[PDB]
Amino acid sequence: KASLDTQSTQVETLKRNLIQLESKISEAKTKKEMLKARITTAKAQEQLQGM
Amino acid sequence: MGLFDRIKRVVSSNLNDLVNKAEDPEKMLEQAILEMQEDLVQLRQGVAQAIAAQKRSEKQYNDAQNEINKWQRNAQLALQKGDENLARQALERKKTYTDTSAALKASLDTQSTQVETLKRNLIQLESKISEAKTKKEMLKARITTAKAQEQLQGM
């Protein structure tokens, strides 16, 4: 029971950690989108030359 | 000094020759049109992906809220049980989860603000490509005028 309780506490922490990890990857993905928006701005300047 | 003079002359001559060969309005515009459209498609996909990611994040956030409710029920049960340790654990669990939920909400709100801006930007981009297309039509009209002069010779 003691071992199980320790394991239960540990698995719960792991689950919480996994949720945090999921949040972290999403945050990284968001950064890429922001970078992509910046890339579009550079493209807009080029569009000016075409105009 | 002689080398520098030679380099400048060579560079100017090479650059001038190169730009003229590639200076075609239709080819340059088409390549530019393809790139923006590709970027727009990627941006649209990214926005959709971001929305999907946000939805996935929302589901996780919803699960955390559900977990808190379960913990809250357990805390009430713990009081009935009379065990001090179970009640204390539930309170600790509720606080971290609430903090995590708040953090997730803040992140989601920022993401929501960002996606909305991206959508607005995408709409602006769509307007921009259309404007470029309009310019080509105007250029085409000018081309017809040149053709009309030639028609005069035929007449």
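Tabulated values for the structure
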item	result
Considering residues of the range B:11-39 that are assigned to a helix (DSSP H, G or I) and of a type in the set (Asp, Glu) only, the residue farthest from B:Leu118 (Cα to Cα)	B:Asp17
Only one of B:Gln54, B:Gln42 that is facing another protein chain (nearest Cβ under 9 Å), in contact (Cβ under 8 Å) with a residue 40 or more places away in the chain and either surrounded by fewer than 10 Cβ atoms within 10 Å (Cβ to Cβ) or assigned to a helix (DSSP H, G or I) (or both)	B:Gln54
Single residue of the range B:72-87 satisfying the filter (in a helix (DSSP H, G or I) and charged (D, E, K, R)) that is farthest from A:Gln20 (Cα to Cα)	B:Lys81
Some residue of the range B:85-96 being in contact with a helix residue (DSSP H, G or I) (Cβ under 6 Å, 6 or more places away or on another chain), within 11 Å of chain A (Cβ to nearest Cβ) and closer than 30 Å to A:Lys36 by Cβ	no
Total residues in the range B:123-155, condition in a helix (DSSP H, G or I) and either more than 30 Å from the chain's Cα centre (by Cα) or among the basic types (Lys, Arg) (or both)	21
Selection from the range A:1-39 of residues that are at the interface with another protein chain (Cβ under 10 Å from one of its Cβ atoms), over 13 Å from B:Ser57 (Cα atoms) and of a type in the set (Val, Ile, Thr)	A:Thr9, A:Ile39
Close pairs (8 angstrom Cβ cut-off, 6 or more residues apart or separate chains): hydroxyl-bearing (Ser, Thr, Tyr) in the range A:1-21, surrounded by 11 or more Cβ atoms within 10 Å (Cβ to Cβ) anywhere	none
Top-ranked residue in the range B:88-122 [being of a type in the set (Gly, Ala, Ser) and either surrounded by fewer than 17 Cβ atoms within 10 Å (Cβ to Cβ) or not in a helix (DSSP H, G or I) (or both); ranked as farthest from the chain's Cα centre (by Cα)]	B:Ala102
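Every number here is computed from the coordinates shown, using simple stated rules; none is lab data. Reconstructed Cβ throughout: ideal geometry from the backbone, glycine too, with neighbour counts over all protein chains shown.
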